[PDB]
There are 2 protein chains.
Amino acid sequence: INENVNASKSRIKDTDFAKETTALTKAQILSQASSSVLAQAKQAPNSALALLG
Amino acid sequence: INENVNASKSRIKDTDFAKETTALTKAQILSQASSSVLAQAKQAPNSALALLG
């Protein structure tokens, strides 16, 4: 019973490194990508002023 | 009667060394097999960590 309890006390509490790491990598790429979009968004006001000296 | 009751007081109490030895041997391979499986199941967590840097 105790062994099956320990098996039961996993995938409910104990994480799996397979899907956890991939979700982490997707999250890291998401943060890196979105932060790069910030850089391309800072220049929009610059063009919004360049037309008038 | 004493000779006969001594025969009756054997295979009731006295063990035959033939089948007892084989049962002892079978247990020895059983323990050795499980201990080797122990060392083999030790790295099951290790493989999970191997997929992350």
# chains A, B, ... in the order shown; residues from 1 in each chain; ligands from 1

$ interface_residues --of "chain B" --to "chain A" --cutoff "10 Å" --atoms "only C-alpha atoms" --output "list in words"
residues 45, 47, 48, 49, 50, 51, 52 and 53 of chain B

$ select_by_dssp --residues "chain B" --states "helix (DSSP H, G or I)" --output "JSON, numbers by chain"
{"B": [2, 3, 4, 5, 6, 7, 8, 17, 18, 19, 20, 21, 22, 23, 24, 25, 26, 27, 28, 29, 30, 31, 32, 33, 34, 35, 36, 37, 38, 39, 40, 41, 42, 44, 45, 46, 47, 48, 49, 50]}

$ atom_distance --atom1 "CA of residue 32 (chain B)" --atom2 "CA of residue 4 (chain A)"
24.3 Å
